[PDB]
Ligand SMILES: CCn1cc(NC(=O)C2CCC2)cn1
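Before any questions on how it binds or moves, here is one chain, the form deposited without the named molecule, in structure tokens.
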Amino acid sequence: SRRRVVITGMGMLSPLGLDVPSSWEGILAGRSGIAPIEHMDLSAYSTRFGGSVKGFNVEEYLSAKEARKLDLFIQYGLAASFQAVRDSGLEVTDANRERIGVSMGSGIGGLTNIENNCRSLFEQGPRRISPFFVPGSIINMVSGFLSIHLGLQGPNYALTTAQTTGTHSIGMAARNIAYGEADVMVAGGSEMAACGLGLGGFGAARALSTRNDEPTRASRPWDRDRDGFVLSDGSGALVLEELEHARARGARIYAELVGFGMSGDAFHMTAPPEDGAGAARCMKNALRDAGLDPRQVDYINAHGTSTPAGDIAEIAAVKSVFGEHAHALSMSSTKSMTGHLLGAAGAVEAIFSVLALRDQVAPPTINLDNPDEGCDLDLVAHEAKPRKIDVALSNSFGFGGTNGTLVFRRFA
């Protein structure tokens, strides 16, 4: 047997906001966080826009001196984590610190630091590389810094599964608690891949929208005029907690995490199979894990990246899994508003799935002006839809064909 895992705290930086409630207000209003990227000469680039975090003040979290040691993606991960831990009300003590761990990940890690240190290396030579280049750039330093700052001695690790990172981080942290290796985990992901290297690297694969004239209309999941994903920055963290532990201290419980699925497509380095067979296996594994029938799902937060092949693969996968229930659930892509936060996508979208449960509302897929061929599900086009939601899924389908699904259920 297995213990129950609940969500007691959430934290976020996104293109919509510097916290969860500001971000969520944007989501339910259909607001875009996408804009031309500033303080960068993007003249030579085919994409000049994305989802930046606006007005982030790291000195609310760290001293200037500690922040100078860390890449932006680590700053963002620590901000969401500190928010989530504050939101949980949890008191770390000598009696529980060995039972509290961290799994905060990233898909691409420290590109901004790699750029700035490459500048020094190329121009001046290796003796100008920062002493903090390695520890301030490696993906496990959100978990590392958070554990040092809060005195967490539980399991300490970091996943990196490209665009699936946040989903896998949360699911695997839930397993840690369910199987008794921890009582509390801080889990999620963070990403800062604006930089030239993110825009240039994805741009070279022609993976990005190039709708430079109308950045807010670029991310248009399942719309016939979509032309690839929009790159976005930020972070999501959840406090996952064993249910009896949460009840004993009088925690506020947002929702229960009942299911976690994983699969591999074993198909292609970057593209999904046309029928989303892997995504279907992963959703079926998550529902089996939750002991739920597909007919019990009310709301899906899609991966919904605005890539032609990805978006159609998900429709096929959902039709395959859900059969005569596929039209009754509501499925939306919040990436229509946030863009694609890569390894943090699954983290912020797990939060939006939990808030869909709290508020009984399916967030919109904005920009869905002309659904493409076969995109005839309830994709919540344009405007948020109040509805009954007992069970919400969140999907992430990333490079290497790596798939993750989380199942959340209302708690009372």
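Throughout, we count residues from 1 along the sequence that is shown. For the two forms, the rigid core is made up of the largest set of C-alpha atoms that agree within 1.5 Å on superposition.
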item: Comparing 193-201 and 211-219 where Cα RMS over structures and residues is taken in 9 other deposited structures of this protein (core fit), larger one; value: 193-201
item: Between stretches 36-44 and 51-59, more displaced by Cα RMS in 9 other deposited structures of this protein (rigid core superposition); value: 36-44
item: Comparing 302-310 with 73-81, the one whose average Cα B-factor in the PDB entry is higher; value: 302-310
item: 153-161 or 128-136, whichever carries the higher mean Cα B-factor; value: 128-136
item: Which of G189, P215, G264, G89 ranks first by CA B-factor in the deposited coordinates; value: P215
item: Which of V58, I351, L368, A344 ranks first by CA B-factor in the deposited coordinates; value: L368
item: Third of chain Cα B-factors occupied by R220; value: middle
item: Among modelled residues of the same chain, the CA temperature factor third for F202; value: middle
item: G400 by Cα B-factor - lowest, middle or highest third of the modelled chain; value: middle
item: Lowest, middle or highest third - CA B-factor, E242; value: lowest
item: Modelled-residue ranking by C-alpha temperature factor, third containing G180; value: middle
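Keep in mind that the form solved in complex with the named molecule is missing from the display, and what follows is about it.
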item	value
Result of superposing the named molecule in the deposited bound form onto shown chain, 2.4 Å backbone or C-beta criterion	open
Heavy atom contact within 4.5 Å of the named molecule in the deposited bound form, the stretch among 346-354, 28-36, 371-379, 55-63	55-63
Contact check for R247, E256 and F411 against the named molecule in the deposited bound form, heavy atom at 4.5 Å	no
Residue contact check: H327 to the named molecule in the deposited bound form, 4.5 Å heavy atom	no
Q83, heavy atom within 4.5 angstroms of the named molecule in the deposited bound form	yes
